[PDB]
$ cat work.pdb   # PDB, C-alpha atoms and all ligand atoms
MODEL        1
ATOM      1  CA  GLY Z   3      -0.755  -1.919  17.446  1.00  0.00           C
ATOM      2  CA  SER Z   4      -4.423  -1.514  16.577  1.00  0.00           C
ATOM      3  CA  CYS Z   5      -5.524  -4.113  14.021  1.00  0.00           C
ATOM      4  CA  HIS Z   6      -8.535  -4.352  11.731  1.00  0.00           C
ATOM      5  CA  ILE Z   7      -9.447  -6.900   9.093  1.00  0.00           C
ATOM      6  CA  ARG Z   8      -9.734  -5.798   5.481  1.00  0.00           C
ATOM      7  CA  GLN Z   9     -13.277  -4.772   4.531  1.00  0.00           C
ATOM      8  CA  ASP Z  10     -14.559  -5.200   0.975  1.00  0.00           C
ATOM      9  CA  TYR Z  11     -15.067  -1.429   0.714  1.00  0.00           C
ATOM     10  CA  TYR Z  12     -11.341  -0.785   1.247  1.00  0.00           C
ATOM     11  CA  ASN Z  13      -9.762   0.418  -1.970  1.00  0.00           C
ATOM     12  CA  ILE Z  14      -6.093  -0.271  -1.225  1.00  0.00           C
ATOM     13  CA  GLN Z  15      -4.002   1.436  -3.888  1.00  0.00           C
ATOM     14  CA  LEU Z  16      -0.646   2.208  -2.264  1.00  0.00           C
ATOM     15  CA  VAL Z  17       1.998  -0.133  -0.880  1.00  0.00           C
ATOM     16  CA  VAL Z  18       5.288   0.973   0.680  1.00  0.00           C
ATOM     17  CA  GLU Z  19       8.421  -1.160   0.852  1.00  0.00           C
ATOM     18  CA  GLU Z  20       9.396  -1.519   4.511  1.00  0.00           C
ATOM     19  CA  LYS Z  21      13.114  -0.778   4.346  1.00  0.00           C
ATOM     20  CA  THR Z  22      13.476   1.326   1.211  1.00  0.00           C
ATOM     21  CA  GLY Z  23      10.270   3.357   1.478  1.00  0.00           C
ATOM     22  CA  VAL Z  24       9.555   2.966  -2.252  1.00  0.00           C
ATOM     23  CA  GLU Z  25       5.863   3.709  -2.888  1.00  0.00           C
ATOM     24  CA  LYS Z  26       4.071   1.718  -5.545  1.00  0.00           C
ATOM     25  CA  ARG Z  27       0.549   1.474  -6.915  1.00  0.00           C
ATOM     26  CA  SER Z  28      -0.725  -1.932  -5.832  1.00  0.00           C
ATOM     27  CA  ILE Z  29      -3.639  -3.503  -3.984  1.00  0.00           C
ATOM     28  CA  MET Z  30      -1.520  -5.838  -1.865  1.00  0.00           C
ATOM     29  CA  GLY Z  31       1.714  -5.703   0.089  1.00  0.00           C
ATOM     30  CA  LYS Z  32       3.250  -6.271   3.483  1.00  0.00           C
ATOM     31  CA  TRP Z  33       2.783  -2.579   4.324  1.00  0.00           C
ATOM     32  CA  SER Z  34      -0.297  -1.016   2.707  1.00  0.00           C
ATOM     33  CA  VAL Z  35      -2.119   2.295   3.084  1.00  0.00           C
ATOM     34  CA  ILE Z  36      -5.516   1.651   4.671  1.00  0.00           C
ATOM     35  CA  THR Z  37      -8.219   4.306   4.967  1.00  0.00           C
ATOM     36  CA  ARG Z  38     -11.024   3.045   7.160  1.00  0.00           C
ATOM     37  CA  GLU Z  39     -14.213   5.028   6.482  1.00  0.00           C
ATOM     38  CA  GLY Z  40     -13.892   8.480   8.004  1.00  0.00           C
ATOM     39  CA  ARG Z  41     -10.380   7.966   9.330  1.00  0.00           C
ATOM     40  CA  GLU Z  42      -6.952   9.214   8.306  1.00  0.00           C
ATOM     41  CA  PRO Z  43      -4.968   6.962   5.940  1.00  0.00           C
ATOM     42  CA  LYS Z  44      -2.418   4.827   7.787  1.00  0.00           C
ATOM     43  CA  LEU Z  45       0.392   2.524   6.668  1.00  0.00           C
ATOM     44  CA  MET Z  46      -0.448  -0.873   8.149  1.00  0.00           C
ATOM     45  CA  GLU Z  47       1.357  -4.190   8.313  1.00  0.00           C
ATOM     46  CA  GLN Z  48      -0.323  -7.375   7.150  1.00  0.00           C
ATOM     47  CA  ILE Z  49      -0.249  -9.870  10.060  1.00  0.00           C
ATOM     48  CA  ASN Z  50      -1.353 -13.514  10.286  1.00  0.00           C
ATOM     49  CA  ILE Z  51      -4.127 -14.312  12.783  1.00  0.00           C
ATOM     50  CA  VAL Z  52      -6.638 -16.928  13.790  1.00  0.00           C
ATOM     51  CA  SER Z  53     -10.191 -15.598  13.491  1.00  0.00           C
ATOM     52  CA  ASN Z  54     -13.360 -17.695  13.786  1.00  0.00           C
ATOM     53  CA  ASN Z  55     -11.314 -20.894  14.030  1.00  0.00           C
ATOM     54  CA  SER Z  56      -9.519 -20.238  10.729  1.00  0.00           C
ATOM     55  CA  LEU Z  57      -6.239 -18.785   9.505  1.00  0.00           C
ATOM     56  CA  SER Z  58      -6.259 -15.216   8.239  1.00  0.00           C
ATOM     57  CA  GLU Z  59      -4.914 -11.945   7.748  1.00  0.00           C
ATOM     58  CA  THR Z  60      -5.410  -8.653   9.487  1.00  0.00           C
ATOM     59  CA  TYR Z  61      -3.847  -5.170   9.171  1.00  0.00           C
ATOM     60  CA  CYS Z  62      -2.035  -3.549  12.111  1.00  0.00           C
ATOM     61  CA  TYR Z  63      -0.713  -0.030  12.671  1.00  0.00           C
ATOM     62  CA  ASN Z  64       2.654  -1.310  13.831  1.00  0.00           C
ATOM     63  CA  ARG Z  65       5.838   0.636  14.480  1.00  0.00           C
ATOM     64  CA  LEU Z  66       8.155   1.100  11.511  1.00  0.00           C
ATOM     65  CA  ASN Z  67      11.584   2.751  11.562  1.00  0.00           C
ATOM     66  CA  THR Z  68      11.548   5.027   8.500  1.00  0.00           C
ATOM     67  CA  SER Z  69      15.156   6.220   8.801  1.00  0.00           C
ATOM     68  CA  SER Z  70      16.292   4.086   5.859  1.00  0.00           C
ATOM     69  CA  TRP Z  71      13.658   5.696   3.603  1.00  0.00           C
ATOM     70  CA  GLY Z  72      15.950   8.711   3.335  1.00  0.00           C
ATOM     71  CA  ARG Z  73      13.050  11.147   2.972  1.00  0.00           C
ATOM     72  CA  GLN Z  74      11.343  13.475   5.382  1.00  0.00           C
ATOM     73  CA  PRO Z  75       7.684  13.566   6.413  1.00  0.00           C
ATOM     74  CA  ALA Z  76       5.390  16.544   5.855  1.00  0.00           C
ATOM     75  CA  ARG Z  77       3.966  16.436   9.410  1.00  0.00           C
ATOM     76  CA  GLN Z  78       4.574  14.559  12.631  1.00  0.00           C
ATOM     77  CA  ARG Z  79       2.623  14.037  15.803  1.00  0.00           C
ATOM     78  CA  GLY Z  80       3.255  12.952  19.346  1.00  0.00           C
ATOM     79  CA  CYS Z  81       1.771  13.348  22.816  1.00  0.00           C
ATOM     80  CA  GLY Z  82      -1.458  14.729  21.383  1.00  0.00           C
ATOM     81  CA  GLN Z  83      -0.098  17.453  19.106  1.00  0.00           C
ATOM     82  CA  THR Z  84       0.327  17.457  15.329  1.00  0.00           C
ATOM     83  CA  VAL Z  85       2.910  19.803  13.778  1.00  0.00           C
ATOM     84  CA  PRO Z  86       4.441  20.574  10.399  1.00  0.00           C
ATOM     85  CA  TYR Z  87       7.841  18.986   9.875  1.00  0.00           C
ATOM     86  CA  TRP Z  88      10.660  21.540   9.969  1.00  0.00           C
ATOM     87  CA  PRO Z  89      14.241  20.486   9.120  1.00  0.00           C
ATOM     88  CA  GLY Z  90      16.073  19.778  12.350  1.00  0.00           C
ATOM     89  CA  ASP Z  91      13.097  18.139  14.049  1.00  0.00           C
ATOM     90  CA  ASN Z  92      13.580  14.797  15.769  1.00  0.00           C
ATOM     91  CA  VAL Z  93      11.417  11.781  14.935  1.00  0.00           C
ATOM     92  CA  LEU Z  94       8.104  11.859  16.827  1.00  0.00           C
ATOM     93  CA  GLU Z  95       5.549   9.126  17.585  1.00  0.00           C
ATOM     94  CA  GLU Z  96       3.938   9.215  14.125  1.00  0.00           C
ATOM     95  CA  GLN Z  97       4.995  10.632  10.751  1.00  0.00           C
ATOM     96  CA  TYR Z  98       2.757  11.817   7.891  1.00  0.00           C
ATOM     97  CA  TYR Z  99       4.098  11.474   4.342  1.00  0.00           C
ATOM     98  CA  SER Z 100       2.850  13.717   1.557  1.00  0.00           C
ATOM     99  CA  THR Z 101       1.471  11.024  -0.747  1.00  0.00           C
ATOM    100  CA  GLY Z 102      -0.981  10.749   2.125  1.00  0.00           C
ATOM    101  CA  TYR Z 103      -0.454   8.382   5.029  1.00  0.00           C
ATOM    102  CA  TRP Z 104       0.508   8.229   8.679  1.00  0.00           C
ATOM    103  CA  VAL Z 105       3.267   5.870   9.821  1.00  0.00           C
ATOM    104  CA  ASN Z 106       3.576   4.637  13.398  1.00  0.00           C
ATOM    105  CA  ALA Z 107       7.124   5.843  13.996  1.00  0.00           C
ATOM    106  CA  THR Z 108       9.933   5.062  16.410  1.00  0.00           C
ATOM    107  CA  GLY Z 109      10.321   8.465  18.101  1.00  0.00           C
ATOM    108  CA  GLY Z 110       8.785  10.222  21.069  1.00  0.00           C
ATOM    109  CA  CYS Z 111       7.758  13.727  22.009  1.00  0.00           C
ATOM    110  CA  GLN Z 112      11.171  15.428  22.130  1.00  0.00           C
ATOM    111  CA  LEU Z 113      10.980  17.732  19.077  1.00  0.00           C
ATOM    112  CA  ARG Z 114      14.468  19.249  19.515  1.00  0.00           C
ATOM    113  CA  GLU Z 115      17.134  18.736  22.176  1.00  0.00           C
ATOM    114  CA  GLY Z 116      15.513  19.802  25.434  1.00  0.00           C
ATOM    115  CA  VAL Z 117      12.271  20.821  23.689  1.00  0.00           C
ATOM    116  CA  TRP Z 118       9.168  18.653  24.037  1.00  0.00           C
ATOM    117  CA  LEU Z 119       5.835  18.833  22.285  1.00  0.00           C
ATOM    118  CA  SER Z 120       3.749  19.005  25.455  1.00  0.00           C
ATOM    119  CA  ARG Z 121       0.163  20.164  25.788  1.00  0.00           C
ATOM    120  CA  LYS Z 122       0.993  21.420  29.300  1.00  0.00           C
ATOM    121  CA  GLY Z 123       4.178  23.214  28.240  1.00  0.00           C
ATOM    122  CA  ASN Z 124       5.360  26.741  28.937  1.00  0.00           C
ATOM    123  CA  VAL Z 125       5.779  28.205  25.403  1.00  0.00           C
ATOM    124  CA  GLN Z 126       3.001  28.804  22.869  1.00  0.00           C
ATOM    125  CA  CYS Z 127       4.003  29.362  19.257  1.00  0.00           C
ATOM    126  CA  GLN Z 128       3.012  28.568  15.679  1.00  0.00           C
ATOM    127  CA  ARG Z 129       4.428  26.949  12.543  1.00  0.00           C
ATOM    128  CA  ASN Z 130       2.841  28.065   9.274  1.00  0.00           C
ATOM    129  CA  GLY Z 131      -0.335  29.075  11.097  1.00  0.00           C
ATOM    130  CA  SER Z 132      -0.547  25.846  13.105  1.00  0.00           C
ATOM    131  CA  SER Z 133      -0.556  26.376  16.872  1.00  0.00           C
ATOM    132  CA  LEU Z 134       1.622  24.323  19.209  1.00  0.00           C
ATOM    133  CA  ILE Z 135       2.772  24.296  22.825  1.00  0.00           C
ATOM    134  CA  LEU Z 136       6.324  23.376  23.817  1.00  0.00           C
ATOM    135  CA  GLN Z 137       7.971  22.487  27.102  1.00  0.00           C
ATOM    136  CA  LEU Z 138      11.529  23.747  27.335  1.00  0.00           C
ATOM    137  CA  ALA Z 139      14.347  22.202  29.313  1.00  0.00           C
ATOM    138  CA  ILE Z 140      16.203  24.357  31.822  1.00  0.00           C
ATOM    139  CA  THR Z 146      20.112  29.992  25.811  1.00  0.00           C
ATOM    140  CA  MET Z 147      17.455  27.852  24.118  1.00  0.00           C
ATOM    141  CA  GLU Z 148      16.271  28.255  20.523  1.00  0.00           C
ATOM    142  CA  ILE Z 149      12.485  28.266  20.088  1.00  0.00           C
ATOM    143  CA  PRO Z 150      11.864  26.160  16.910  1.00  0.00           C
ATOM    144  CA  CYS Z 151       8.686  27.988  15.884  1.00  0.00           C
ATOM    145  CA  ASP Z 152       7.359  31.468  15.245  1.00  0.00           C
ATOM    146  CA  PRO Z 153       5.583  34.008  17.466  1.00  0.00           C
ATOM    147  CA  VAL Z 154       1.804  33.975  17.554  1.00  0.00           C
ATOM    148  CA  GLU Z 155       1.730  37.726  16.879  1.00  0.00           C
ATOM    149  CA  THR Z 156       1.593  38.542  13.175  1.00  0.00           C
TER     150      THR Z 156
HETATM  151  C1  LIG W 201       2.590   1.783  17.274  1.00  0.00           C
HETATM  152  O1  LIG W 201       2.768   0.379  17.241  1.00  0.00           O
HETATM  153  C2  LIG W 201       3.077  -0.187  18.516  1.00  0.00           C
HETATM  154  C3  LIG W 201       3.381  -1.649  18.273  1.00  0.00           C
HETATM  155  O2  LIG W 201       4.295  -1.812  17.195  1.00  0.00           O
HETATM  156  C4  LIG W 201       1.907   0.048  19.465  1.00  0.00           C
HETATM  157  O3  LIG W 201       2.293  -0.383  20.762  1.00  0.00           O
HETATM  158  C5  LIG W 201       1.443  -1.442  21.241  1.00  0.00           C
HETATM  159  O4  LIG W 201       0.061  -1.098  21.345  1.00  0.00           O
HETATM  160  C6  LIG W 201      -0.760  -2.168  21.841  1.00  0.00           C
HETATM  161  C7  LIG W 201      -2.176  -1.641  21.852  1.00  0.00           C
HETATM  162  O5  LIG W 201      -2.588  -1.230  20.555  1.00  0.00           O
HETATM  163  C8  LIG W 201      -0.280  -2.622  23.224  1.00  0.00           C
HETATM  164  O6  LIG W 201      -1.029  -3.765  23.616  1.00  0.00           O
HETATM  165  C9  LIG W 201       1.208  -2.955  23.214  1.00  0.00           C
HETATM  166  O7  LIG W 201       1.663  -3.195  24.542  1.00  0.00           O
HETATM  167  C10 LIG W 201       1.988  -1.794  22.616  1.00  0.00           C
HETATM  168  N1  LIG W 201       3.417  -2.075  22.583  1.00  0.00           N
HETATM  169  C11 LIG W 201       3.994  -3.020  21.831  1.00  0.00           C
HETATM  170  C12 LIG W 201       5.483  -3.120  21.943  1.00  0.00           C
HETATM  171  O8  LIG W 201       3.348  -3.772  21.105  1.00  0.00           O
HETATM  172  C13 LIG W 201       1.582   1.534  19.552  1.00  0.00           C
HETATM  173  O9  LIG W 201       0.403   1.722  20.330  1.00  0.00           O
HETATM  174  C14 LIG W 201       1.398   2.134  18.162  1.00  0.00           C
HETATM  175  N2  LIG W 201       1.254   3.577  18.250  1.00  0.00           N
HETATM  176  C15 LIG W 201       0.167   4.231  17.831  1.00  0.00           C
HETATM  177  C16 LIG W 201       0.198   5.721  17.984  1.00  0.00           C
HETATM  178  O10 LIG W 201      -0.803   3.647  17.372  1.00  0.00           O
HETATM  179  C1  LIG W 202      16.046   3.584  13.413  1.00  0.00           C
HETATM  180  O1  LIG W 202      17.044   3.157  12.485  1.00  0.00           O
HETATM  181  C2  LIG W 202      18.247   3.942  12.489  1.00  0.00           C
HETATM  182  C3  LIG W 202      19.147   3.348  11.432  1.00  0.00           C
HETATM  183  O2  LIG W 202      19.385   1.968  11.678  1.00  0.00           O
HETATM  184  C4  LIG W 202      18.880   3.935  13.878  1.00  0.00           C
HETATM  185  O3  LIG W 202      20.005   4.805  13.886  1.00  0.00           O
HETATM  186  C5  LIG W 202      17.868   4.388  14.920  1.00  0.00           C
HETATM  187  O4  LIG W 202      18.433   4.283  16.222  1.00  0.00           O
HETATM  188  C6  LIG W 202      16.610   3.535  14.830  1.00  0.00           C
HETATM  189  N1  LIG W 202      15.627   3.966  15.810  1.00  0.00           N
HETATM  190  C7  LIG W 202      15.159   3.155  16.764  1.00  0.00           C
HETATM  191  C8  LIG W 202      14.160   3.755  17.704  1.00  0.00           C
HETATM  192  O5  LIG W 202      15.530   1.990  16.864  1.00  0.00           O
HETATM  193  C1  LIG W 203       6.717  27.609   7.258  1.00  0.00           C
HETATM  194  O1  LIG W 203       7.383  28.687   7.935  1.00  0.00           O
HETATM  195  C2  LIG W 203       8.812  28.647   7.809  1.00  0.00           C
HETATM  196  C3  LIG W 203       9.365  29.764   8.666  1.00  0.00           C
HETATM  197  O2  LIG W 203       8.369  30.721   9.003  1.00  0.00           O
HETATM  198  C4  LIG W 203       9.204  28.766   6.339  1.00  0.00           C
HETATM  199  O3  LIG W 203      10.619  28.665   6.218  1.00  0.00           O
HETATM  200  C5  LIG W 203       8.532  27.666   5.526  1.00  0.00           C
HETATM  201  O4  LIG W 203       8.793  27.856   4.140  1.00  0.00           O
HETATM  202  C6  LIG W 203       7.023  27.675   5.760  1.00  0.00           C
HETATM  203  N1  LIG W 203       6.390  26.576   5.048  1.00  0.00           N
HETATM  204  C7  LIG W 203       5.337  26.738   4.240  1.00  0.00           C
HETATM  205  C8  LIG W 203       4.811  25.494   3.588  1.00  0.00           C
HETATM  206  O5  LIG W 203       4.829  27.840   4.044  1.00  0.00           O
ENDMDL
END
$ encode --input "work.pdb" --output "structure tokens"
Amino acid sequence: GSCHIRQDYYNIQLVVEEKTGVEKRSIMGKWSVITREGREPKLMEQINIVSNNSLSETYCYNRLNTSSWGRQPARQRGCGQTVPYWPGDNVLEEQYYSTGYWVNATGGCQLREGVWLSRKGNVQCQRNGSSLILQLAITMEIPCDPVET
């Protein structure tokens, strides 16, 4: 994925174990939470590179299958929409965990069976005040609440 070298202003404080998902306070690990100035925190993989004719490190927002973590995200996003996680949701393109980081996930934009998070979809609804648009496959449960209060 997108890679960026560590800058001296980065204050890396959180590492996550790839398979187990254990979070620990540390400055250094294979998967670390990186917050580039202004940007959302992201879990990034340390990768070996050649840069300016020398061996080095960089950090890349690479895909990570979080199934073995055995814990759910607080939000997910895919196909240009970000939604709260509701139990029953499928894995989307990225997952946000409550300690505070996005993970590049292994899913897509199918939120439930036959229900896609699609900006050009046919159903508008909300989850906890957050607006979303769904595309439904051809009864069908709508996994969200009406916009009317
Ligand atoms: C999640 O990570 C994957 C790689 O693990 C990213 O996919 C690659 O993105 C780069 C550009 O950044 C392309 O050159 C590659 O062809 C893509 N595929 C692979 C298999 O490497 C993906 O873009 C990342 N997703 C997000 C949302 O950042
Ligand atoms: C992620 O891992 C789980 C457990 O091994 C597996 O069932 C699932 O298919 C994996 N997802 C992808 C996209 O490989
Ligand atoms: C979001 O809404 C659902 C259903 O309306 C509810 O079950 C859930 O507790 C809400 N979550 C929060 C954080 O309010």
$ closest_residue --input "work.pdb" --among "Z:68, Z:61, Z:52, Z:37" --to "residue 21 (chain Z)" --atoms "only C-alpha atoms"
Z:68
$ closest_residue --input "work.pdb" --among "Z:45, Z:139, Z:51, Z:18" --to "residue 115 (chain Z)" --atoms "all atoms listed in the file"
Z:139
$ resolve_selection --input "work.pdb" --expression "the PyMOL selection byres (((not hetatm)) within 6 of (chain W and resi 201))" --output "number ranges by chain"
Z: 3-4, 63-65, 106
$ resolve_selection --input "work.pdb" --expression "the PyMOL selection byres (((chain Z and resi 80) around 8) and not hetatm)" --output "VMD selection string"
chain Z and resid 78 to 79 81 to 84 94 to 96 110 to 111 119
$ residues_around --input "work.pdb" --residues "region 121-127 of chain Z" --least-positions-apart "2" --cutoff "12 Å" --atoms "only C-alpha atoms" --output "PDB file with C-alpha atoms, keeping the file's coordinate frame"
ATOM      1  CA  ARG Z  79       2.623  14.037  15.803  1.00  0.00           C
ATOM      2  CA  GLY Z  80       3.255  12.952  19.346  1.00  0.00           C
ATOM      3  CA  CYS Z  81       1.771  13.348  22.816  1.00  0.00           C
ATOM      4  CA  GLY Z  82      -1.458  14.729  21.383  1.00  0.00           C
ATOM      5  CA  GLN Z  83      -0.098  17.453  19.106  1.00  0.00           C
ATOM      6  CA  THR Z  84       0.327  17.457  15.329  1.00  0.00           C
ATOM      7  CA  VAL Z  85       2.910  19.803  13.778  1.00  0.00           C
ATOM      8  CA  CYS Z 111       7.758  13.727  22.009  1.00  0.00           C
ATOM      9  CA  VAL Z 117      12.271  20.821  23.689  1.00  0.00           C
ATOM     10  CA  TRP Z 118       9.168  18.653  24.037  1.00  0.00           C
ATOM     11  CA  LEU Z 119       5.835  18.833  22.285  1.00  0.00           C
ATOM     12  CA  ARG Z 129       4.428  26.949  12.543  1.00  0.00           C
ATOM     13  CA  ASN Z 130       2.841  28.065   9.274  1.00  0.00           C
ATOM     14  CA  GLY Z 131      -0.335  29.075  11.097  1.00  0.00           C
ATOM     15  CA  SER Z 132      -0.547  25.846  13.105  1.00  0.00           C
ATOM     16  CA  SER Z 133      -0.556  26.376  16.872  1.00  0.00           C
ATOM     17  CA  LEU Z 134       1.622  24.323  19.209  1.00  0.00           C
ATOM     18  CA  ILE Z 135       2.772  24.296  22.825  1.00  0.00           C
ATOM     19  CA  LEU Z 136       6.324  23.376  23.817  1.00  0.00           C
ATOM     20  CA  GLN Z 137       7.971  22.487  27.102  1.00  0.00           C
ATOM     21  CA  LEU Z 138      11.529  23.747  27.335  1.00  0.00           C
ATOM     22  CA  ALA Z 139      14.347  22.202  29.313  1.00  0.00           C
ATOM     23  CA  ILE Z 140      16.203  24.357  31.822  1.00  0.00           C
ATOM     24  CA  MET Z 147      17.455  27.852  24.118  1.00  0.00           C
ATOM     25  CA  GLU Z 148      16.271  28.255  20.523  1.00  0.00           C
ATOM     26  CA  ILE Z 149      12.485  28.266  20.088  1.00  0.00           C
ATOM     27  CA  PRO Z 150      11.864  26.160  16.910  1.00  0.00           C
ATOM     28  CA  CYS Z 151       8.686  27.988  15.884  1.00  0.00           C
ATOM     29  CA  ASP Z 152       7.359  31.468  15.245  1.00  0.00           C
ATOM     30  CA  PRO Z 153       5.583  34.008  17.466  1.00  0.00           C
ATOM     31  CA  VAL Z 154       1.804  33.975  17.554  1.00  0.00           C
ATOM     32  CA  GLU Z 155       1.730  37.726  16.879  1.00  0.00           C
ATOM     33  CA  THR Z 156       1.593  38.542  13.175  1.00  0.00           C
TER      34      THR Z 156
END
$ residues_near_ligand --input "work.pdb" --ligand "ligand LIG 202 (chain W)" --cutoff "6 Å" --atoms "all atoms listed in the file" --output "number ranges by chain"
Z: 67, 69, 108
$ resolve_selection --input "work.pdb" --expression "the PyMOL selection byres (((chain Z and resi 87) around 7) and not hetatm)" --output "list in words"
residues 75, 76, 77, 78, 85, 86, 88, 89 and 91 of chain Z
$ atom_distance --input "work.pdb" --atom1 "CA of residue 58 (chain Z)" --atom2 "CA of residue 104 (chain Z)"
24.4 Å
$ axis_aligned_box --input "work.pdb" --around "ligand LIG 203 (chain W)" --padding-each-side "6 Å" --output "lines of an AutoDock Vina configuration file"
center_x = 7.7
center_y = 28.1
center_z = 6.3
size_x = 17.8
size_y = 17.2
size_z = 17.4
$ decode --input "work.pdb" --residues "region 77-96 of chain Z" --atoms "N, CA and C atoms" --output "PDB file, in the first residue's frame"
ATOM      1  N   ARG Z  77     -15.762   1.196  13.788  1.00  0.00           N
ATOM      2  CA  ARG Z  77     -16.253   1.708  12.516  1.00  0.00           C
ATOM      3  C   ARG Z  77     -15.588   0.909  11.410  1.00  0.00           C
ATOM      4  N   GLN Z  78     -16.176   0.967  10.224  1.00  0.00           N
ATOM      5  CA  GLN Z  78     -15.534   0.435   9.034  1.00  0.00           C
ATOM      6  C   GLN Z  78     -15.757   1.405   7.889  1.00  0.00           C
ATOM      7  N   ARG Z  79     -14.986   1.235   6.821  1.00  0.00           N
ATOM      8  CA  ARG Z  79     -15.259   2.022   5.636  1.00  0.00           C
ATOM      9  C   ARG Z  79     -14.927   1.224   4.391  1.00  0.00           C
ATOM     10  N   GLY Z  80     -15.605   1.572   3.315  1.00  0.00           N
ATOM     11  CA  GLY Z  80     -15.355   0.975   2.027  1.00  0.00           C
ATOM     12  C   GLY Z  80     -16.075   1.762   0.958  1.00  0.00           C
ATOM     13  N   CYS Z  81     -15.491   1.819  -0.235  1.00  0.00           N
ATOM     14  CA  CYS Z  81     -16.142   2.410  -1.397  1.00  0.00           C
ATOM     15  C   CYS Z  81     -16.552   3.853  -1.140  1.00  0.00           C
ATOM     16  N   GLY Z  82     -15.811   4.545  -0.277  1.00  0.00           N
ATOM     17  CA  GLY Z  82     -16.054   5.951  -0.040  1.00  0.00           C
ATOM     18  C   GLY Z  82     -17.143   6.266   0.955  1.00  0.00           C
ATOM     19  N   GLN Z  83     -17.535   5.310   1.802  1.00  0.00           N
ATOM     20  CA  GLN Z  83     -18.394   5.611   2.938  1.00  0.00           C
ATOM     21  C   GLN Z  83     -17.827   5.003   4.205  1.00  0.00           C
ATOM     22  N   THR Z  84     -18.010   5.719   5.310  1.00  0.00           N
ATOM     23  CA  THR Z  84     -17.572   5.315   6.637  1.00  0.00           C
ATOM     24  C   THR Z  84     -18.814   5.133   7.490  1.00  0.00           C
ATOM     25  N   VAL Z  85     -18.914   3.999   8.186  1.00  0.00           N
ATOM     26  CA  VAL Z  85     -20.125   3.676   8.956  1.00  0.00           C
ATOM     27  C   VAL Z  85     -19.739   3.109  10.308  1.00  0.00           C
ATOM     28  N   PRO Z  86     -20.605   3.306  11.306  1.00  0.00           N
ATOM     29  CA  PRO Z  86     -20.447   2.572  12.566  1.00  0.00           C
ATOM     30  C   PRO Z  86     -20.531   1.073  12.320  1.00  0.00           C
ATOM     31  N   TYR Z  87     -19.779   0.306  13.112  1.00  0.00           N
ATOM     32  CA  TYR Z  87     -19.901  -1.143  13.072  1.00  0.00           C
ATOM     33  C   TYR Z  87     -21.137  -1.579  13.851  1.00  0.00           C
ATOM     34  N   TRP Z  88     -22.004  -2.356  13.209  1.00  0.00           N
ATOM     35  CA  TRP Z  88     -23.132  -2.984  13.874  1.00  0.00           C
ATOM     36  C   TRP Z  88     -22.967  -4.493  13.790  1.00  0.00           C
ATOM     37  N   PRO Z  89     -23.181  -5.225  14.882  1.00  0.00           N
ATOM     38  CA  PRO Z  89     -23.050  -6.688  14.838  1.00  0.00           C
ATOM     39  C   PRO Z  89     -23.866  -7.302  13.707  1.00  0.00           C
ATOM     40  N   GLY Z  90     -23.220  -8.177  12.951  1.00  0.00           N
ATOM     41  CA  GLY Z  90     -23.781  -8.740  11.747  1.00  0.00           C
ATOM     42  C   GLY Z  90     -23.143  -8.200  10.488  1.00  0.00           C
ATOM     43  N   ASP Z  91     -22.466  -7.060  10.573  1.00  0.00           N
ATOM     44  CA  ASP Z  91     -21.794  -6.504   9.405  1.00  0.00           C
ATOM     45  C   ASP Z  91     -20.655  -7.402   8.940  1.00  0.00           C
ATOM     46  N   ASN Z  92     -20.476  -7.462   7.623  1.00  0.00           N
ATOM     47  CA  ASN Z  92     -19.311  -8.091   7.023  1.00  0.00           C
ATOM     48  C   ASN Z  92     -18.093  -7.186   7.175  1.00  0.00           C
ATOM     49  N   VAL Z  93     -16.918  -7.756   6.903  1.00  0.00           N
ATOM     50  CA  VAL Z  93     -15.669  -7.001   6.900  1.00  0.00           C
ATOM     51  C   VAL Z  93     -15.631  -6.109   5.665  1.00  0.00           C
ATOM     52  N   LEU Z  94     -15.323  -4.824   5.852  1.00  0.00           N
ATOM     53  CA  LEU Z  94     -15.203  -3.895   4.732  1.00  0.00           C
ATOM     54  C   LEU Z  94     -13.729  -3.694   4.346  1.00  0.00           C
ATOM     55  N   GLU Z  95     -13.441  -2.605   3.627  1.00  0.00           N
ATOM     56  CA  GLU Z  95     -12.104  -2.386   3.093  1.00  0.00           C
ATOM     57  C   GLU Z  95     -11.131  -1.939   4.170  1.00  0.00           C
ATOM     58  N   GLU Z  96     -11.616  -1.220   5.176  1.00  0.00           N
ATOM     59  CA  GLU Z  96     -10.814  -0.737   6.287  1.00  0.00           C
ATOM     60  C   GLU Z  96     -11.647  -0.815   7.555  1.00  0.00           C
TER      61      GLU Z  96
END
